[PDB]
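Asker: before I ask anything, here's the sequence and the deposited coordinates:
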Amino acid sequence: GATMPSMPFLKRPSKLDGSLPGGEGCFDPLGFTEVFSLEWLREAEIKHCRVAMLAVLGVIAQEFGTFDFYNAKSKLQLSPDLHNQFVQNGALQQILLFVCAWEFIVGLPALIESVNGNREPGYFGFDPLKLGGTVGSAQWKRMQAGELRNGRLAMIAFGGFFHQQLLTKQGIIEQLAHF
Amino acid sequence: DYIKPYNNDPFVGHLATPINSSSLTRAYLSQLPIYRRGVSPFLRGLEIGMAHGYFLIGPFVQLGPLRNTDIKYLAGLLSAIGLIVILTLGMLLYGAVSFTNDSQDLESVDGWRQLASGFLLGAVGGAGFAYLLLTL
Amino acid sequence: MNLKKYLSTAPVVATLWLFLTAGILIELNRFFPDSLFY
Amino acid sequence: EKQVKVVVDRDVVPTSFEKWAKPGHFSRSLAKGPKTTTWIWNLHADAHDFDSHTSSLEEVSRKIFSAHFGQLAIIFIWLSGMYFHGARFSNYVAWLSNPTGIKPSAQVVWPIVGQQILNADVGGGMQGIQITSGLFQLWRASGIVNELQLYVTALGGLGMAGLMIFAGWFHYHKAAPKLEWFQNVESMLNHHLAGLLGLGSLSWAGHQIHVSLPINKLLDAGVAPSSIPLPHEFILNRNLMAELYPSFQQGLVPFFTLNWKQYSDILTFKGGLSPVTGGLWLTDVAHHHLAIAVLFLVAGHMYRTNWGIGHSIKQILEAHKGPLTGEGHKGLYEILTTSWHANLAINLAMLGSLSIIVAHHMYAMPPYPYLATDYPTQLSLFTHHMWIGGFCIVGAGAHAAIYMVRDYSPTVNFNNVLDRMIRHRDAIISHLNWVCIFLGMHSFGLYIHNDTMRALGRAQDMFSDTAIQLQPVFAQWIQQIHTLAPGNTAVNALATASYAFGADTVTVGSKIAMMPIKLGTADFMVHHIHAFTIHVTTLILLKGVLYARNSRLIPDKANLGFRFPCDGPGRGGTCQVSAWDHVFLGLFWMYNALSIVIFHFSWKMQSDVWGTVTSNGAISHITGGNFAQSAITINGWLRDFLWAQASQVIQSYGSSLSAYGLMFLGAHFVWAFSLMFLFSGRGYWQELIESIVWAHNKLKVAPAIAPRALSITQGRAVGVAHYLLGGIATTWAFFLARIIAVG
Amino acid sequence: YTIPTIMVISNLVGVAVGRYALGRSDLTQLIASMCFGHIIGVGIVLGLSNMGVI
Amino acid sequence: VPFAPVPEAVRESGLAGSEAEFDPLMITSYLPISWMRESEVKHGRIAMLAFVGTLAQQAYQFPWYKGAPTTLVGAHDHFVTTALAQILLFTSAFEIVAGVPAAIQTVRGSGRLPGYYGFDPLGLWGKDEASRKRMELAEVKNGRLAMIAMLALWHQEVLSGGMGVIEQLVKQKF
Ligand code: CLA
Ligand code: CLA
Ligand code: CLA
Ligand code: CLA
Ligand code: CLA
Ligand code: CLA
Ligand code: CLA
Ligand SMILES: CCCCCCCCCCCCCCCC(=O)OC[C@H](COP(=O)(O)OC[C@@H](O)CO)OC(=O)CCCCCCCCCCCCCCC
Ligand SMILES: CC1=C(/C=C/C(C)=C\C=C\C(C)=C\C=C\C=C(C)\C=C/C=C(C)/C=C/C2=C(C)CCCC2(C)C)C(C)(C)CCC1
Ligand SMILES: CC(C)[C@H](C)/C=C/[C@H](C)[C@H]1CC[C@@H]2C3=CC=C4C[C@@H](O)CC[C@]4(C)[C@@H]3CC[C@@]21C
């Protein structure tokens, strides 16, 4: 049966979105692009993907080494005590200072440009190593889709990391090794 | 449907409502000392005064400053008589300026003078009668 | 979509300028309290 | 039969900032450039007047649905702010531990210019400004025990505000309903009666039964707030609810078997105030909400909507017709479906009356726990709702006049109640004016007479208990009937609805909660003063609404508009002849009436209800029985109330209440500044502005926007605004300082 | 079984009054009449119970 | 006229789902047929799952949850805290994402067959249109027998003092 147009859901009428890098799923069951700008949502999703990938790898990497010059009295990286102590010692305060500097001085102009229809969402032109190749061609759209999928997985895994640590009071590696 | 123009002619600044105009209302408004047919101005004034002073004495005797003394009734009667004199003065002034010389039909100087005299006499007599009733 | 022009209107510019002036005055008053006779 | 269907227009208005850079775009005249300073004022004066912008009812309806959403979002933001202040900067937990000893406070002033003194020693560790909004009592009645719940509620409020923001924008730029929508008054009424109010009260009753009842029962049993089980535990573990209320053992079976009497543990009708906290029994409140929910739900199925069953408001209106009213209520349905001003007038009058009733019922029957013992909160809430109610009533009159001047139609209003009233408006206003004169004489004259007697040493000739007595026999009789109602007319009621009618007194924390409010000669005179002032203010508003279209002085006031300065210095003078000016005068009279009403409540409460109780039952009020013989004279009202009670607001300097004292002075200034705009005219200010403009011209510093004086109508508006602001602020600071310093 | 009997009688009375007032026999009239009958039966049963009859 | 003699033609005879026209109350005349059909197929699927779960849990329990009542009421009360709570969370999530909008669109004019999702992994729907129609009619026919069955099972358990379906079928009947 179904309607005239289809969606990967196989029971939905295709929305405005068509075939975007990593957007072949057209996963918009609840109307979010019909009222909000697509560029705004895409920029937000890519920003979330990047910050979440760094967070997932950071949580796993922090459980092995703490540099030895940071107190780190708590071995739980996603615990409020560790967040508060690192904020008090100034480490997270400095991360906040520079991350806010980037967002206001560069992030805001970047989002305004992408909202006007000039800059592709989440495109900062950062390709030190020619890994993605030419923009808008082979090795780029596929790599962009890979980035989106890895970021979504990292976002879901960060939520899992936080909830598991807060419920078991055990680290990710510690919990993986025991129960 | 009961509310109609007073004279059945619209554009008039009045309405013929139930208590405004009715069989009972028209009968009651009529026949009073005033508006009654075949009554001389002096008779109308006498009736009005004897009916006014009677109830005018009440307030002064009951709530006058000397209501607790043994002369409460006398003091109230005197106060009522004074108020009656002032009212008669007002009536006479109104007749002196509002009306002119013409036939005595209650709308002339002589007619209103007779009405004022009757009102004064009636009011004094009514106040005296009420005082007598209170004393007895 | 000329947001800059709206932000440049009299009420917006006036509120921003007065907010900055009040902030400067308050900040000076907590860093240098009870200032009198210069 | 009409289909109650939803039809909307998509992308009717584009979302862009282009119109933000063009002030006055909504008006044809304001979009041509200012050319003078009067344009700045006109821009704000006609900003929310959607009826003046366009002549289409559909556009106005959409501009109202939206902006209603915006105001709802603003209210949700304010509520979120109150909850966040309670969670972050308030001593709510400490207050819960010791509700009688700790003073509520949720504001912390920053230390910058010596203002840190305002942080009163309210107790509970933190020091701040004592709040008299009753937020603490309300939260306690709702079952809040920890600040985490307050934080979650604040976050939920912020989310609801965001939703009300999105809804407002979506219903104006993405899906705007057509005029057919908004004209379905039957459906709107059915939903608001069964869904907004019926289901709302039902849900609140459920929350009280599952959260408020058990938590408050444990709190009143000496259990610490931290040791009380969480609200969700009472729902998951039914054993706890059964232990606290055996009725839960039977479950919902009794409800479905009509054995409602088995719910006597949770659905009680005790009738009185709780002797532990001084407020109404939460069980009686839950049962009350359940009954009001069931009654509203049943009432919500009266009108006909998309089905054969129901009623038609138009048919009911046209059916009501009598000999004294030719066409009865014919044409009123079309009036309330084609003019938002008429609906706004009716709704504003009812909402204001509801607020006034709320104030009376809230002070007499304290609903929240520990609310009666917190006299500052009681005074502030009664006075606050009294003022908001009066303002909404004056607004109701103003909008009635607006509809009469702009949306009135002779064909629609033909031989109906409205037309028949406009026909005899002279009888209405002259008879009402006569009533006002009689009331003023027999109300204020009694006070003046008492002043004259007391000054002459003739106390035996006064209108007091010792001298001539004027006892409210009717009101006293109703009080006695209420006192005896719990046993002869309320068989299932275990106590009188309010202890203010009689019964016995209630004391909580060595403080009087509610005791019989005996009425005497002073109350007789003050109540008549209240009636006199209400009559004069309603006379002013009714006169302005009845003559809004025309009068014997100005035969075409409607063509001149609803808000116009005057017709000129002709016919002897036609100043303040428009209906808007009648609203302007009604504002002062409403302020006078409301000020006297709040004055009576404050003094009577502090002299016969609020006070302390010493062991063995001895009662000592703040002002021991002085209202009985001091409220019967203007001198007493100035000496024992305005002078004696002001000592707290004038001596507040050097303490945490100093702010109030400052506000007490500032308000005065404002109230005195209003006189400037009320006893002056714009001709003089225009000439002064001419001289100042010449001075500017002499220095080549003149502005392009020609400086102009405030319009005549704008001047009147500014004067009344400043007058009301100053007066209400002065009485606000006086009330708050007096009630906080003592009691 | 007094309560079920009274409720059934109330439902029938509601059905009759509904058919008369609305003047039609349909699902809408049926449900409306049942609602009225229930609002009348619940009240009659609770009133009689409060009086001790049932 | 319809399968039921006393009621009049109940309409909904030219649509799809069942040759028999059993709608005596004509509820479809006052409600969207697609919405009602969507609710019907959902009820059938939920009831069939519950019937199999009832006949399975009462016969064998997983190593986890070793000690837990088997009765529907007892099992619900004992698992309403952690197991059923999680089941409700995920089922509600599925309804919130794919459930509510599906019915909304179907009612708003979408041509979606009520109860249609792309969940046909083994391709058992059939190739021929007649086979597909018979298969849908079978799914709904098998349903409405599981709804009544679940109601009957619950009533029997309540009136049997918490007795299993097979246990009650082997011990007593009343
Ligand atoms: C909109 C307002 C509102 C809301 C949202 C709720 C919501 C809720 N109420 Mg509630 N309630 C309300 C108002 C509200 N109530 C009002 C106005 C009253 C009357 C004052 C009640 C009185 C009430 C009681 C007494 C109970 C609830 C309970 C509940 C919870 C479960 C209800 C349930 O399905 O159990 C269903 C319970 C039944 C007994 C079903 C009846 C038919 C069964 C199937 C009988 C067949 C026999 C079978 C073997 C079961 C034996 C049960 C027996 C031992 C009791 C639920 C969260 C229950 C709860 O969870 O307590 C915390 C509870 O016991 N409510
Ligand atoms: C307007 C309020 C008011 C009222 C109700 C009173 C009332 C009173 N004053 Mg007072 N007074 C007032 C204002 C008032 N005063 C003010 C403002 C001052 C200061 C200037 C004074 C100064 C003053 C003094 C110095 C004294 C009083 C005194 C008195 C008492 C006797 C006065 C008297 O004899 O009058 C006479 C009254 C009348 C002649 C007639 C009254 C009108 C009638 C009853 C109305 C009937 C209408 C009727 C129902 C219509 C329908 C009827 C129709 C259909 C048939 C009395 C109880 C005296 C006293 O000793 O106090 C006890 C006294 O010495 N007063
Ligand atoms: C508008 C005029 C104004 C000016 C000229 C200043 C100037 C200054 N502020 Mg200040 N501030 C202001 C307004 C202002 N502030 C307002 C409106 C607030 C909120 C009430 C604050 C709150 C604030 C805090 C908490 C602190 C300062 C501090 C300082 C000094 C730090 C050095 C610096 O150069 O930073 C320049 C700073 C600015 C030009 C103002 C930026 C304010 C941003 C928004 C940060 C505040 C974040 C706030 C806590 C949370 C969100 C606020 C929201 C508006 C986004 C400084 C000279 C720091 C200090 O005390 O020095 C030892 C410090 O701790 N300010
Ligand atoms: C049972 C259904 C229902 C409910 C609960 C409401 C509730 C409300 N309506 Mg509404 N209305 C309804 C049906 C309903 N309406 C229908 C069918 C019509 C067409 C005939 C209207 C037409 C209508 C108009 C024209 C207006 C309202 C307004 C309002 C608000 C009044 C302001 C207030 O008292 O603050 C109380 C606020 C709250 C208690 C917060 C609750 C808010 C939540 C979201 C409940 C509302 C649900 C909503 C009606 C439907 C959800 C739609 C869905 C697609 C998301 C209030 C929230 C006025 C308004 O404020 O405009 C926004 C107004 O102008 N209604
Ligand atoms: C739900 C309540 C409600 C609503 C929806 C409306 C809606 C409306 N009113 Mg109405 N009104 C109301 C209540 C309401 N009113 C009340 C309670 C009163 C009595 C005070 C009035 C008296 C009134 C009058 C006399 C008039 C209106 C007018 C109007 C229309 C245009 C408003 C406008 O554009 O002016 C713009 C609004 C402003 C410029 C804001 C003025 C600010 C004042 C002084 C309030 C200050 C409050 C604040 C607490 C002060 C302290 C803070 C300070 C230190 C900064 C509009 C449709 C006008 C109209 O119909 O057009 C011809 C009209 O003349 N209203
Ligand atoms: C409290 C009562 C009051 C006050 C304060 C004033 C004040 C003033 N009158 Mg005046 N007047 C009054 C009553 C009052 N009048 C009455 C009852 C009448 C009889 C109708 C008059 C008739 C009258 C006339 C005919 C004239 C004046 C003039 C003036 C001004 C004289 C010049 C001056 O001193 O400027 C100094 C300014 C002040 C004293 C005001 C204080 C400064 C304010 C508070 C600061 C700004 C606001 C501040 C930021 C706070 C608000 C913030 C906002 C967010 C709410 C002055 C502003 C004359 C004039 O125009 O002068 C050129 C003029 O000719 N008045
Ligand atoms: C025909 C059989 C029958 C019998 C024998 C009873 C018997 C009884 N009913 Mg009952 N009732 C019945 C049918 C019956 N009812 C039906 C069919 C309905 C549905 C319409 C109701 C609905 C009903 C209600 C709602 C109530 C009763 C109540 C009662 C009991 C006391 C009533 C009384 O006499 O006090 C006499 C009371 C007065 C003389 C005071 C009159 C009401 C005051 C003045 C309030 C006025 C309200 C306001 C002005 C109007 C409504 C405004 C609107 C906004 C709501 C009593 C034992 C009461 C109860 O709950 O028992 C405890 C009660 O509240 N019944
Ligand atoms: C006389 C018994 C009532 C006691 C008095 C207090 C009643 C409260 C209701 C207020 C209106 C007065 C009732 C008569 C009014 C009344 O109900 O009359 C009856 C009549 C209504 O009957 P109809 O045949 O018109 O009915 C058809 C329509 O009502 C359709 O619903 O109303 C009028 O047409 C005249 C309206 C006011 C007439 C002018 C009177 C104004 C005086 C106001 C002061 C009242 C006394 C103050 C208290 C002492
Ligand atoms: C409002 C009201 C009313 C009223 C009534 C009335 C008021 C009645 C009556 C009455 C009156 C008010 C009366 C009076 C009187 C008087 C008299 C009866 C007398 C007499 C006689 C004599 C003895 C005389 C003498 C003389 C002399 C001595 C000389 C000179 C001359 C003369 C002749 C004067 C009613 C109930 C209706 C209704 C309700 C209320
Ligand atoms: C905020 C989310 C949670 C909700 C579900 C959003 C729903 C949006 C507004 C969309 C989704 C489907 C509806 C949708 C269907 C089709 C569109 C086309 C597009 O011109 C926008 C409107 C419009 C006509 C509407 C707007 C209203 C809906 C309901």
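Answerer: Yep, that arrived. Numbering: from 1, shown residues only, chains lettered A, B, ... in the order given. Ligands and ions are numbered 1, 2, ... in the order given.

Asker: any idea which element the spatially most central residue of chain A lies in?
Answerer: Centroid-nearest residue in chain A: residue A:49, 1.5 Å away (criterion: C-alpha atoms, centre = their mean). Secondary structure from DSSP states H and E places residue A:49 in helix A:38-62.

Asker: contacts for that helix?
Answerer: A:16-17, A:20, A:32-33, A:77-78, A:107, A:110-111, A:114-115, A:117, A:121-122, A:147-148, A:150-152, A:154-155, A:157-158, A:161, A:172-173 (C-beta atoms under 8 Å, 6 or more residues apart in numbering or on different chains). Every C-beta, even on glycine, is put in place using the N, C-alpha and C of the backbone.

Asker: same question, stretch D:580-597
Answerer: By C-beta under 8 Å, 6+ apart, stretch D:580-597 touches D:386-387, D:390-391, D:393-394, D:397-398, D:401, D:526, D:529-530, D:533-534, D:536-537, D:540-541, D:543-545, D:562-564, D:575-576, D:713, D:716-717, D:720, D:723-724, D:727-728, D:731.

Asker: in helices, which of those residues appear?
Answerer: D:386-387, D:390-391, D:393-394, D:397-398, D:401, D:526, D:529-530, D:533-534, D:536-537, D:540-541, D:543-545, D:713, D:716-717, D:720, D:723-724, D:727-728, D:731 (DSSP state H).

Asker: which of those residues come close to ligand 5?
Answerer: Filtering the ones in helices among the contacts of stretch D:580-597 for proximity to ligand 5 by C-beta under 6 Å from any ligand atom leaves D:391, D:394, D:398.

Asker: residue of the stretch 601-743 of chain D nearest chain E, please.
Answerer: With C-beta to the nearest C-beta, the shortest gap between the stretch 601-743 of chain D and chain E falls at residue D:609, namely 36.3 Å.

Asker: over to chain A?
Answerer: Counting by C-beta to the nearest C-beta, chain A gets nearest chain E through residue A:1, at 28.6 Å.

Asker: now that residue, nearest residue through space, not along the chain?
Answerer: Leaving aside its sequence neighbours, residue A:1 sits nearest to residue F:113 (C-beta to C-beta, 6 or more residues apart in numbering or on different chains; 3.2 Å).

Asker: do you know how far that neighbour is from residue F:134?
Answerer: 14 Å (C-beta to C-beta, to the nearest Å).

Asker: among the two, which residue is more densely surrounded?
Answerer: residue F:113 (19 against 13; other C-beta atoms under 10 Å in any protein chain shown).

Asker: can you classify that one by secondary structure?
Answerer: coil (DSSP: H, G, I helix; E, B strand; the rest coil).

Asker: list the contacts for it?
Answerer: A:1-2, F:16, F:136.

Asker: mark which of those residues are buried, thanks.
Answerer: For those, a burial check counting by 16 or more other C-beta atoms under 10 Å in any protein chain shown picks out A:2, F:136.

Asker: nearest to ligand 6 among the contacts of residue F:113?
Answerer: Of all the contacts of residue F:113, ligand 6 sits closest to residue A:2, with 61.2 Å by C-beta to the nearest ligand atom.

Asker: which SSE is that closest one in?
Answerer: Here residue A:2 is assigned to no helix or strand, by DSSP H and E.

Asker: leaving out sequence neighbours, find the closest residue to residue 29.
Answerer: By default, I'm working from chain A. Nearest in space to residue A:29, with sequence neighbours left out and distances taken as C-beta to C-beta, 6+ apart, is residue F:97 at 5.0 Å.

Asker: not what I meant, chain F
Answerer: Residue F:29's closest residue in space is residue F:11 (C-beta to C-beta, 6+ apart), at 6.1 Å.

Asker: name the residue of chain A that lies nearest to chain B.
Answerer: residue A:35 (58.1 Å).

Asker: now do chain E
Answerer: residue E:21 (31.2 Å).

Asker: just the element for that residue, please.
Answerer: Going by DSSP H and E, residue E:21 is part of helix E:2-22.

Asker: and residue D:176, how far is that from chain F?
Answerer: 18 Å (C-beta to the nearest C-beta, to the nearest Å).

Asker: which residues touch that residue?
Answerer: D:8-9, D:12-13, D:62.

Asker: between those residues, which has the most around it?
Answerer: Greatest neighbour count in these, by other C-beta under 10 Å, goes to residue D:62: 24 neighbours.

Asker: so how far is ligand 1 from it?
Answerer: 33 Å (C-beta to the nearest ligand atom, to the nearest Å).

Asker: same question, residue D:171
Answerer: Taking C-beta to the nearest ligand atom, one finds residue D:171 at 28 Å from ligand 1.

Asker: tell me how many other residues crowd that residue.
Answerer: 18.

Asker: name the element it belongs to?
Answerer: Counting by DSSP H and E, residue D:171 is part of helix D:147-173.

Asker: in that helix, what's buried?
Answerer: Buried, per 16+ other C-beta under 10 Å, within helix D:147-173: D:149-150, D:153-154, D:157-158, D:160-161, D:164-165, D:167-169, D:171-173.

Asker: interface residues of chain F facing chain D?
Answerer: F:80-81 (C-beta under 8 Å from any C-beta of the partner chain).

Asker: recalculate using a threshold of 7 Å.
Answerer: When proximity is defined as C-beta under 7 Å from any C-beta of the partner chain, chain F approaches chain D at residue F:81.

Asker: neighbouring contacts of stretch D:372-386?
Answerer: Stretch D:372-386 is contacted from outside by D:100, D:104, D:130, D:132-134, D:137, D:278-279, D:355-356, D:358-359, D:362-363, D:366, D:371, D:508-509, D:511, D:513-514, D:594, D:597-598, D:601-602, D:610, D:735-736, D:739-740, D:743, using C-beta atoms under 7 Å, 6 or more residues apart in numbering or on different chains.

Asker: buried residues in it?
Answerer: D:372-386.

Asker: which of those residues sit farthest apart?
Answerer: D:373 and D:386 (21.1 Å; C-beta to C-beta).

Asker: OK, contacts around the residue of chain E closest to chain B?
Answerer: Per C-beta under 7 Å, 6+ apart, neighbours of residue E:21: none.

Asker: now it: how far from residue D:315?
Answerer: For residue E:21, the distance to residue D:315 - C-beta to C-beta - is 14 Å.

Asker: can you check residue D:523 too?
Answerer: Distance from residue D:523 to residue D:315, by C-beta to C-beta: 46 Å.

Asker: higher neighbour count, those two?
Answerer: Per other C-beta under 10 Å, whichever of residue D:523 and residue D:315 has more neighbours is residue D:523, with 23 against 10.

Asker: for chain A, which helix is longest?
Answerer: helix A:141-168.

Asker: same deal with chain F?
Answerer: Longest helix in chain F, counting by DSSP H: helix F:33-57.

Asker: off-centre distance for that one?
Answerer: 1 Å (C-alpha atoms, centre = their mean, to the nearest Å).

Asker: buried ones in that helix?
Answerer: F:33-34, F:36-38, F:40-42, F:44, F:47-48, F:50-51, F:54, F:57.

Asker: among those, which pair sits farthest apart?
Answerer: Longest span within those, C-beta to C-beta: F:33 and F:57, 35.7 Å.

Asker: tell me, how many residues neighbour the closest residue in space to residue F:20 that isn't next to it in sequence?
Answerer: Among residues not flanking residue F:20 along the chain, residue F:3 sits closest, at 4.6 Å (C-beta to C-beta, 6+ apart). For residue F:3, the neighbour count with other C-beta under 10 Å is 13.
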